[PDB]
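The chain below stands alone and is given in structure tokens; this is the form deposited in one PDB entry.
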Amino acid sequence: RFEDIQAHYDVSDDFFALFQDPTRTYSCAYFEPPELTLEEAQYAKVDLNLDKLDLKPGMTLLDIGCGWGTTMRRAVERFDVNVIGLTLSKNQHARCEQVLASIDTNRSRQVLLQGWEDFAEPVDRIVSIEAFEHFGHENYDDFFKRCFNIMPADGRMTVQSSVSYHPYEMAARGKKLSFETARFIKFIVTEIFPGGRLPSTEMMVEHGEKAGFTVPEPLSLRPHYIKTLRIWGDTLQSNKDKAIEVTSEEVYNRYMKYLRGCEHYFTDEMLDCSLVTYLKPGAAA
């Protein structure tokens, strides 16, 4: 019923290749230093996350929403860790198995076509980059409980997610822009990421705390997502003819509206992107 209707907004991987960097990373890049290319910035964002997790050789890293396996490969090469990836995409599953098999290592590498709900194996650390927007508000308590329970006493997790604000969090300016932002968010979670639901930073923090995690000050990636969306927009536009051939004028116009729109609402500070760290009680100092 709902599975069938949402399929209308399926877009071929070929289309995404006409705006993303060569790693096909579909998340906020990290321009530190500011001079980095998009591709360099995507590796920098992976490092930003992994560097927060206190990874030691022989640990197992869980990647929840492991995409094309860029994060897991980087984790194996830099930290000499075992990796388990979760994805719902058959295409990403096959690509991840090949990426991980390519690696010159004796470390265990596993990728699973399943959600976090089905995953209940012990792991040392957890990374999740822009998968959280799909989980749904009713599932946040189960998600943080699962993540707490599968990790050892010194466990750590990062969740990177786009966020909005509740009107109760906003002054007169934000409240007045709330209707326009809410209508744009509805478009994103209907036509770009079907079934999606944006949290707030406050929700991401308070749900982690309720599960027993210590939550330091979240990092805002807002200026980095503005730069990311600018490059994605400029690249898609430079590839207009090829993008329309691969899909349609409708699909091209849809993603230009998405990319230009997100850059606008990030700039107007009605959207944010939070990298939140979750530390278990026994986490190393």
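Shifts are known only where both forms have a C-alpha. Basically, rigid core = biggest C-alpha set you can superpose within 1.5 Å across the two forms. Residue indices: 1-based, along the sequence shown.
Keep in mind the form deposited in another entry is missing from the figure; the text below concerns it.
- Large C-alpha shift between this form and the one not shown, rigid core held fixed: of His166, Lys90, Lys176, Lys210, this applies to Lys176 alone, with a displacement of 2 Å or more.
- Compared with the form shown here, the Cα atoms of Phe193 and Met170 move at least 3 Å closer together in the other form.
- In summary, the C-alpha positions of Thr201 and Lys175 diverge in the other form, ending up at least 3 angstroms farther from each other than in this conformation.
- Displacement of the C-alpha atoms by 2 Å or more across three or more consecutive residues between this form and the one not shown, following core superposition, is confined to the runs 167 to 172, 174 to 176.
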